[PDB]
Every structure is written in structure tokens, then in C-alpha cells.
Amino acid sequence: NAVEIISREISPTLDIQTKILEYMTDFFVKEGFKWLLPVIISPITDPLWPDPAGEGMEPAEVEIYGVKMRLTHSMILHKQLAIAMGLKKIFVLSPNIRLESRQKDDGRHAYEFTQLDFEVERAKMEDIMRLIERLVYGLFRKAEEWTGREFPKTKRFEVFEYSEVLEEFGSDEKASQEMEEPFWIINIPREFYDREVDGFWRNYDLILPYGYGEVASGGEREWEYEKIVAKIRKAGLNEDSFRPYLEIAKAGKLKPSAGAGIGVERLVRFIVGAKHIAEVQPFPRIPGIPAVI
């Protein structure tokens, strides 16, 4: 009900969201990153496949001036293109639209959400993981002041291989339920753009404790045409749906980089202790339920 949605009290949560957005955007600007504006419709987007976290659905699509456009799954390809433009360090507050099923309505997913999405030329996985640890520690100390509650105190998070998480816990979420500090999961076989080297994937997810689940994901990247297109073909994806990106790769303009996206609503939910992510959204976007507003 529309009247019901707008009769919720959410002012304290949005006051916290404002403090989080100010803190994070200020951090990246002061670190020397360029602040880019988002892409919403494009011929190319993140396939989100293969990916253990994904259902592999098609993006929303619309015809624009007679040409098929995809609503942004994520800006990953565009981040790589920004690095190809010589911009070195970039971030964006990026809307993502992912039409996941009701099976992903588990309290941490929304079908429309925002990532603070960033990328750094020539960075390695340890560089990005340490940068996120520095950001998160400082944020959690401020959150203690804002809320009057205690937050996790560790500064270097434990690291698990994805294969070990499957063996010990069964899933990323079961691991989250059993942990009291944030932790990393690394080496996850997934999309063509994440860098793979002789069976090892140079990638990482940050997982929150107390069952709150994933909050950030990233990797080092592939930049070579021959490697990228081999991965696309092996996965059975449509090469033509990546054509301009592949033209740029073939021309040699992609560079080595690494980065991550941080789910803003997920982070707000953690800091305020909300059971469901819909509680932190003025206009909920619940997987499998088309919003009335």
C-alpha cells in the first residue's frame, strides 16, 4: 500500500545514511579519486554470469532511438573504460538494477540499489583489500559515536578461500552467521573481467558478521583481448553483446586495474541493525515484488 509505505518512520536511519555517504565520498575524494557520474542505459553491461552469487537473469532492456539498451547490472565495463581513458583512480555512486527472483528476498537483497563503485589503475588485490580495511575501521569508529553502540574492532580481517568456505560452512551466508568480525572470501571463479591466473582468481568479497552477509566485492581485472574473449567463449556468452568493449580491448587500450563496489544500503542496514534492507529504503525494491512507488 502506497500510504502504508510513506507512513513508516525512517528519519533516524536516513540521518545515519547521510553521515555514511558524507564519510565515504569524502574519503575517496581526499584519497585523490575522481568522482564520476553514473551510467544507467548502455548497449553493454555486466553479465553477472558465471557467478555463484547470481541467478543469471537478463538485464532490463529498453529500445532507445531504435537501438536495444540494457539497464545497468553494474558499471564494471565502464570502470575499465574510465581506466582506459587515463583517469587512474575513479569512483561513482552507481545505481544497479538486478531483477532477481523472490528466492533472493532474504533481507539483504534489493532489485534496485546503489554501489560506491571504484577502480585503480595497476592496483593489486592486497592494495584494494587494505584500502577497504582502512575505510571500514574509520567508519565503524565514527558509527560508535553516531549510535552509542559497539562495532567490530579488528583492523586486518581474516581471509578464507571460497573452496574452504564451501567445505567448512557450506555457503557464504552460513559463514556470516558464525562470525563475529568482518572477513574476506577470495579466489571465487566468476565473470570474464576478474583476473584469473593458472586456476587462481585474484578477487575478493567482504562479508559482514552476525549473518548480515556480503557488503563489498571486487577483483584485479583482465585487460588482454585474447584472454578475455577466450573466457567469454568458454562460458557460452554472446560475444556481440560486448562488441565496443572488445574493440577497445583489441586496440590495446584496457589497462591492468583493481577495484570494488560497496553496497550502500547494505552498509546502512548493518550500522542501524535493521532486519530487512527494505526498512532503510524510503521506496522499497523487494526482489520479485514490483514496487507500487
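From 1 onward, residues are counted along the sequence shown.
> Mean CA temperature factor from the deposited coordinates, higher in 253-261 or in 230-238?
230-238 has the higher mean C-alpha B-factor.
> What stretch has the higher average Cα B-factor here, 94-102 or 163-171?
On average, C-alpha B-factors are higher across 163-171.
> Which one of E61, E31, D46, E224 shows the biggest C-alpha B-factor in the PDB entry?
Comparing C-alpha B-factors across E61, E31, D46, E224, the maximum falls on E61.
> Which one of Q80, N203, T114, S176 shows the top CA temperature factor in the record?
That would be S176.
> How does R156 rank on Cα B-factor within its chain, lowest, middle or highest third?
Top third by C-alpha B-factor.
> When the deposited Cα B-factors of this chain's modelled residues are ordered and cut into thirds, is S11 in the lowest, the middle or the highest one?
CA B-factor rank for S11: highest third.
> Which third, lowest, middle or highest, does the CA B-factor of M57 fall in along this chain?
Its C-alpha B-factor, which the entry lists for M57, ranks in the middle third among residues of this chain.
> Could you say whether, by C-alpha temperature factor, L246 belongs to the lowest, middle or highest third of its chain?
It falls in the middle third of the chain.
> Based on the entry's values, in what third of the chain does the Cα temperature factor of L267 lie: lowest, middle or highest?
Tercile = middle for this residue's CA B-factor.
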